[PDB]
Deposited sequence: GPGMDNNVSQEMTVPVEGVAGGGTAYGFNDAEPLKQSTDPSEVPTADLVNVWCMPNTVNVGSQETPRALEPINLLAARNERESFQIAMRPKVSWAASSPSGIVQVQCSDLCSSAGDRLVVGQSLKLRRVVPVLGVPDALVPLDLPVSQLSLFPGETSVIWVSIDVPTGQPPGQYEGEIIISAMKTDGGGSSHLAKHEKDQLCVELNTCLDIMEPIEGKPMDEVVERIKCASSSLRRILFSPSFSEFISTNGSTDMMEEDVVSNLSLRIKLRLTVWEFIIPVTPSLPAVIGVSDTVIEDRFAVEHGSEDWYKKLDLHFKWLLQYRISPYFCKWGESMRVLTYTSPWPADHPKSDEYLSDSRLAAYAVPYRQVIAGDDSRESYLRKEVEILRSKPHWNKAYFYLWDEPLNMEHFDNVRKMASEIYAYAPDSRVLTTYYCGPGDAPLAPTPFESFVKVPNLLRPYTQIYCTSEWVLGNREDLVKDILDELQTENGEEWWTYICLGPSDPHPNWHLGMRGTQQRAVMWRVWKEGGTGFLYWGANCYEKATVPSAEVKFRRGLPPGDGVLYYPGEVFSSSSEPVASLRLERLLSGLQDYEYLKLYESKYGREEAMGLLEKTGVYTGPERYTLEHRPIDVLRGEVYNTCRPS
């Protein structure tokens, strides 16, 4: 290209004409591909509206049984093919996928499509499209994206499955030689991801938020319907929900099942294979004629008789700060041990007592907390922020614990840690979201807690603007959104962060498989040598290393 440009257009005119466009913009005579750039992107990219076209290649995926695997489709108009509201509408159709043997993953149950919609200008909300045929408006100068997810049943036969997604520019069956065909190929392999998550990831759900936003009075018939809707939707993400009301001095009432332990709904919840752990409330959920002491005796007496009691825990206090709080936990714990001594009590903390340090510094007072509470807490759930990027001081935490007697170390994340550490704050990248669980795996805790998934600011209408709480990083405490904000459906809308939480929990399961066949040192070394995760401030920034790791697990760990 000369200094004056091609044909005298001036500076830099003509650096790639980029294939002349065809001169017709008529979708009934021009191939879609000549009207719209379409390509695929990995599930770990947050695909912004200014992402540049790449060349469409076929997509080759891997998934175990009982695994969701995902990818994305990007679309950006080259021209108007609807002169009159640009750029134009496309139709999207997906097929079933089918193996040689003639086994199927069906559109609708396995295979789903969602649009990726920005929240505060960041890609985050996954809104459903009609199946098997949908339509999407494309605007000029904007990349528009679709999240394709495939859920493989636990019973699904292994094999190479294959299919197609068809994109057709429309004028305003539409399929023709003019349509663009995306070729999908998925290998289903022999691993079954455990039906019961190997890591209990307990996730709070605020009942106040539901009461105010969906306008349902606590205790009512309609309230039970809304918590049921939530509880069932959330199980698909390999988490163990609990509802949560906060109390005087950050006591918490926490409860997985709003049903009395008597009801047949209680056992329908609590012995679900998908549910790894459940909160049992200390006080009555619904008001009663009984005293709390009276109710608790009766509830524990039932529950301990059931085959699911091993999944029970009690979460009584959110971050005791001072001595009185630590004392309260001990009193309340022993109340409970009197009705069943094998009760597991969980306590979240980031500090020792402020007014009565247990040592000459904060971190060492923090480390001594088990000694102050033993044996009146079984699950010591600690704030990750407290460690900074010192993965070496994990041992200082574990050295005060008694694994051999049923004590466990768990972690949680919240308004900290921050960039560039793994978390689920809006603006954080996809690998940084998925790395929460790479770090949980590496550091060796036996479970995980997130304080809230629906902790919006207060609203009194289902479809109200989703606004975020003052003083917190937007996204902290919010992993999913109301259906009705984005459509007329009541079904919750997942965040990208919630999908990357699931993918990260699937990753945990691959790493546990590999560890069980080649040992701890070998699995630690896979996670690092592949480039996936080195430390809290050093993890992959790209997708390939993840494929390398999952691929190495498949090659080495089949029977």
| item | value |
| --- | --- |
| Deposited-sequence ranges lacking C-alpha coordinates, in sequence order | 1-13, 186-258, 646 |
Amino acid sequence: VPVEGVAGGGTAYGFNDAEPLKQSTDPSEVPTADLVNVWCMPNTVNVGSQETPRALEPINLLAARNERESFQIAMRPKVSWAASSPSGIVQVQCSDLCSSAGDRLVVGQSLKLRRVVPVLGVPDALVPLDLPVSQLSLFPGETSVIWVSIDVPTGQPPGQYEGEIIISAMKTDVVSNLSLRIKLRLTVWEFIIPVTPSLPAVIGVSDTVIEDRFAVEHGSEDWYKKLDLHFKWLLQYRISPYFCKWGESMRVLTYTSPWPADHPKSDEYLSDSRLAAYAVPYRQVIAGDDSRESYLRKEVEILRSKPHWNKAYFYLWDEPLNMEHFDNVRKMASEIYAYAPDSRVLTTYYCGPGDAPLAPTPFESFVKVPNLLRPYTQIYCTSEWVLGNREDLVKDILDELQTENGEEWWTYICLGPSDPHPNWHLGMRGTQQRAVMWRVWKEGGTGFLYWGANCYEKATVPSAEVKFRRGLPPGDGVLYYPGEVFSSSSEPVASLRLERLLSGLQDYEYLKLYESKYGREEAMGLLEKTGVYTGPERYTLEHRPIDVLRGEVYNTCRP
From here on, numbers count along this sequence of modelled residues.
property: Residue range whose averaged C-alpha B-factor is higher in the record, 321-329 or 431-439; result: 321-329
property: Higher-scoring stretch by recorded Cα B factor average, 503-511 or 58-66; result: 58-66
property: Per the PDB entry, maximal CA B factor within 176, 382, 149, 271; result: 176
property: Member of 334, 206, 72, 348 with the greatest C-alpha B factor (per the PDB record); result: 334
property: Among modelled residues of the same chain, the CA temperature factor third for residue 548; result: lowest
property: Residue 13 CA temperature factor, ranked by third within the chain; result: middle
property: B-factor third for the C-alpha atom of residue 537 within its chain; result: lowest
property: Third of the chain, ranked by Cα B-factor, where residue 417 sits; result: lowest
property: Lowest, middle or highest third - CA B-factor, residue 30; result: highest
